[PDB]
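So the sequence lines, in the order shown, correspond to chains A, B and C.
Per UniProt numbering: the first sequence = residues 1032 to 1082, 1107 to 1143.
Per UniProt numbering: the second sequence = residues 472 to 611, 655 to 817, 884 to 949, 952 to 1086, 1108 to 1187, 1200 to 1266.
Per UniProt numbering: the third sequence = residues 1144 to 1187, 1200 to 1266.
Virtual Cβ for every residue (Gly too), placed ideally from N, Cα, C.
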Amino acid sequence: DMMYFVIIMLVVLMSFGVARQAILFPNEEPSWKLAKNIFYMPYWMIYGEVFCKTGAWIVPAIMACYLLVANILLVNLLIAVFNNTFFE
Amino acid sequence: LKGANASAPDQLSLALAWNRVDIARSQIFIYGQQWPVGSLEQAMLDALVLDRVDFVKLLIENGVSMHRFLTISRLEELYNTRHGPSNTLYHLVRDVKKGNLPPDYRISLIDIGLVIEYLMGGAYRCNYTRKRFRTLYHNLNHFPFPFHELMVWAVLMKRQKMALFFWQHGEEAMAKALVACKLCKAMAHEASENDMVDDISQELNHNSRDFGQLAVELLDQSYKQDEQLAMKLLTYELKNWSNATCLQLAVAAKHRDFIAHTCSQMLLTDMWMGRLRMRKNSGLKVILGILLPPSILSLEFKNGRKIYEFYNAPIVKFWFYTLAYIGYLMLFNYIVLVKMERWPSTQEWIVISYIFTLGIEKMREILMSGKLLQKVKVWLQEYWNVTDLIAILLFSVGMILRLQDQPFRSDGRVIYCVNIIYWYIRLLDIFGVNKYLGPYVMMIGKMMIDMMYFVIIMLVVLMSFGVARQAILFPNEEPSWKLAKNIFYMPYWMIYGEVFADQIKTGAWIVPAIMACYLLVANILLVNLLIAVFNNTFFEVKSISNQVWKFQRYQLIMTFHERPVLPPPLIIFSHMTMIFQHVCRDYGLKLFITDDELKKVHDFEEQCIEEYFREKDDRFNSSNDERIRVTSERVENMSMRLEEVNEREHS
Amino acid sequence: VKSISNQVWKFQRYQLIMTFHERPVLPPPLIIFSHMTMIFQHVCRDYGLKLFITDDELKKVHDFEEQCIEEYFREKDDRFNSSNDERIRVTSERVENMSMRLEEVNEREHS
Ligand SMILES: COCC(CCO[C@H]1CC[C@@]2(C)C(=CC[C@H]3[C@@H]4C[C@@H]5O[C@]6(CC[C@@H](C)CO6)[C@@H](C)[C@@H]5[C@@]4(C)CC[C@@H]32)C1)COC
Ligand SMILES: COCC(CCO[C@H]1CC[C@@]2(C)C(=CC[C@H]3[C@@H]4C[C@@H]5O[C@]6(CC[C@@H](C)CO6)[C@@H](C)[C@@H]5[C@@]4(C)CC[C@@H]32)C1)COC
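What follows is the structure, given as structure tokens:
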């Protein structure tokens, strides 16, 4: 069950990370550094480490939605699943 | 009876009017009654219209045969009767005929056929409205299956006991059960619409539930007795019920418990695998065969042509679509992560072509689904289609905006970055095919509501605290939109662990106190209450999600059976094949059988229903309540008899 | 706790309805007008609380209630007399009485 919820969390996290990195940095030459910025910060920012370009104001809004979905909707569901599949 | 000294039909009519069946069973039907010719059928006709189940059964048991009794004229007289309980057949006839009928209008079988075709659905075509029957009815017999018409008559006129009696006699029991369930449900909806007395709208649902339960029990008995014949019974074309399988009738009736049964799941899996025999390990070998055409011939096919037979299996089409979608997603990520040129790159053109092909395929699908406005309403009934339309339109406006001046180019790139989130999220629909990822996605969808109902209160408290703190700390702010940002921002980041005691004047010391109260309320009470709510509303939600997923397997299988072989990115070739052919379901939907197999299946179903009824009666007569009641009655009777015996004194 | 909360909310619906039925039409920000027009009328529930009825309808309602209570008592008695415990007890008593009577019958010997 941990693995399944990890799969879903990875999908959502990659979506948010790619969207934010694409919005903020528009002039990046193709390099392997791009493949690291889409996973690193969105993964560290769900464990309590929370912190002009055109349309830069959408980043805090999508960040709020991402935190409210990943840190609330899925974690509590995982808790419920662990709770109700325990006796057997 | 013996005082009248009249003929047997007169005594029988008296007993029929009194609704006393045992008197007729004992006194009337005796050794050599010498019934006049035509008397028994007249008594059967009289007993039908008065709703006497016991007398109809008794007359059937003593020589009356429905195959000779029932004609077109007698059925017509049955449909126009008045000496019975209330029914809503006349209102349905009026609605179908749009109220043009004169008062005391004489109903005809064509009107009943129109009512049935209106009630069943869209593709239904009743046997009454076909050309052959209309020709035979204009120039004026026999009914090959009388019990079908008798059961339909009993269901439409709302006589439940007669319907249950006619259900167990004759062939095609499951088809009759499913059709009756659908008709009762549709009539309940129609009566609830036109402001009826509202007892009808809660008795017709009871009738529908009874018929659905009977169909499920009969399917369970058939599957227990034999699996291959049960699966063959669920697929053969029903000639008498507008050319549909039992599965399609179950799906149109929205009967979730019938599809969720194990037999239906095995049949749908065997449809999903197509012509391939592989059952122990699929998926990885399917994509192996997709990538390696030499690996295709090393597989096993059920009884040159192997490649064409392989590409038409639904599972191979599904995996091809999944691989194409994953490739498109990778190209989308690549074109949004790197710098954008003045003119689009090759991968951007691939993405645009894929989106255009998907859009035109969706519009072709909505254009092949009669009246234009009705297909739109049916196709917009799903949230996925609406989201696809919104995403495609937004992507089109981005494409229009992207090929313009530099600020418009930046705005188009931003709209692409925003739009990629939906195409990343939509992988959950692909995951719904998996046996475990479907129910969890449905469960998340159901828990969204409980999440929102606490998001509301969290917003209320958060806005209160933010306004209080911002008003205390900053007293000389000119009215600007910056004020509307400090209300929500910091108090929202402070509940996710980003609490800054350093970043928090007259009365400035109240800010830490209200901050402590706000943290203790928001991050302790509401969160744990939400956890408790999610915990205690989980079992029913997961069972419902499992049932709904098992029901939607059929729709997914049919959707990928209708799908063309090529994936959307290169669907252009087959999108112009039907254009030239316009001016120019052997299995996976039905299963055509011959006459001998049809007769064998009918006898099998009859044996199953007889066995099921016998088992039910045997189970009922051996339960504790029945034994206790019968023992009490016999003990009381014996006590009275023994009191009578001891009362006498010959001494 | 949730069952108790549901019950209490369903109970308090009535008080909320009566509270908003009594209140004046105007909202508090502009209630000053109805707060001074009521002063002048001092020296000058057709439905929503009750329902005044006629006499014939009153007779009909009384007969309906009497039929309902009679039916309810008859149904309760019929349900009670068919339960398993009652049948077991009555059967045991009748079997014991019958056994005593049959012992008396077989006790006599006219042979
Ligand atoms: C510094 O100079 C180096 C240069 C070499 C340039 O290499 C580039 C080649 C393309 C490559 C590997 C680069 C950056 C982002 C890479 C993408 C990250 C995305 O993330 C994924 C992963 C998860 C998916 C679900 C979504 O997308 C990939 C498919 C996507 C990806 C792997 C597609 C290919 C991209 C680097 C040499 O010059 C000759
Ligand atoms: C820099 O110069 C700009 C100036 C324009 C001045 O615009 C001001 C107009 C009033 C406005 C929009 C401003 C600041 C706070 C705004 C409030 C935030 C509050 O938050 C809410 C939201 C949630 C509610 C439940 C509580 O209050 C709003 C109702 C409340 C609000 C929208 C009421 C109106 C206020 C900006 C131009 O000079 C001509």
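The region 738 to 757 of chain B makes contact with the region 1208 to 1221 of chain B: 3 or more CB pairs, one atom from each, lie closer than 8 Å. Cβ-Cβ separation between residue 1086 of chain B and residue 1047 of chain B: approximately 11 Å, too far for a contact (criterion under 8 Å). Among the residues facing chain A, residue 919 of chain B is included, as its CB has a counterpart in that chain under 7 Å away.
Distance from the Cα of residue 1162 of chain B is smallest, within the candidate group B/562, B/509, B/911, B/782, for B/782. The criterion of a C-beta distance shorter than 7 Å is satisfied by residue 1125 of chain A and residue 1077 of chain A. Contact with chain A is found for residue 1138 of chain B, since one of that chain's Cβ atoms lies less than 7 Å from the residue's Cβ. Between the alpha carbons of residue 908 of chain B and residue 786 of chain B lies a distance of about 25 Å. In this structure, DSSP gives residue 702 of chain B a helical state, which the three-state scheme calls helix. With fewer than 16 other beta carbons inside 10 angstroms of its own, residue 574 of chain B counts as exposed. For the region 484 to 514 of chain B, the set of residues with a beta-carbon nearer than 7 Å to any beta-carbon of chain C is empty. Residue 815 of chain B is bridged by DSSP to B/790. Among the CB atoms of chain B, none fall inside 7 Å of the CB of residue 1255 of chain C. In this structure, residue 1223 of chain B sits away from residue 544 of chain B, with a CB-CB distance that is not shorter than 7 Å.
Among the CB atoms of chain C, none fall inside 7 Å of the CB of residue 1144 of chain B. Contact check for residue 791 of chain B against residue 816 of chain B passes: the beta carbons are separated by less than 7 Å. Taking the Cα positions, residue 531 of chain B is about 29 Å away from residue 760 of chain B. Secondary structure note for residue 1050 of chain B: its alpha helix (DSSP H) is the uninterrupted segment 1019 to 1055. Here DSSP, grouped into helix, strand and coil, assigns residue 519 of chain B to helix. Per DSSP, the beta bridge partners of residue 750 of chain B are B/1206.
At least one heavy atom of ligand 1 is found less than 6 Å from the C-beta of residue 913 of chain B.
When the beta-carbon positions are compared, residue 479 of chain B and residue 513 of chain B stay at least 7 Å from each other. Close to residue 1243 of chain C, with beta-carbon spacing below 9 Å, are these residues of chain B in chain order: 1243, 1247. Taking 6 Å as the cut-off, one finds no heavy atom of ligand 1 near enough to the beta carbon of residue 1073 of chain A. Leaving aside the five residues that flank residue 1167 of chain B on each side, the residues in its chain whose CB is nearer than 7 Å to its CB run, in chain order, 1174, 1177.
Here residue 715 of chain B is near residue 702 of chain B, since their CB atoms are less than 7 Å apart.
Shown here, residue 475 of chain B sits in coil according to DSSP, grouped into three states, outside any helix or strand. By the 16-neighbour rule on beta-carbons within 10 angstroms, residue 1037 of chain A is exposed.
The region 590 to 610 of chain B and the region 738 to 747 of chain B do not touch, with fewer than three beta-carbon pairs separated by less than 8 Å.
In this chain, the alpha helix (DSSP H) harbouring residue 1239 of chain C covers 1239 to 1262. As the crow flies, the alpha-carbon of residue 990 of chain B is around 43 Å from that of residue 1083 of chain B. Rounded to whole angstroms, residue 1003 of chain B and residue 1136 of chain B show a C-alpha spacing of 29 Å.
Between the alpha carbons of residue 1041 of chain A and residue 1034 of chain A lies a distance of about 10 Å. Listed along chain B are 1078, each with a C-beta nearer than 8 Å to that of residue 1122 of chain A. Any Cβ of chain B closer than 7 Å to the Cβ of residue 1239 of chain C would place that residue at the interface, and such an atom is present. Ligand 1 has a heavy atom closer than 6 Å to the beta-carbon of residue 1062 of chain A. Straight-line measurement puts the Cα of residue 900 of chain B at about 30 Å from the Cα of residue 1062 of chain A.
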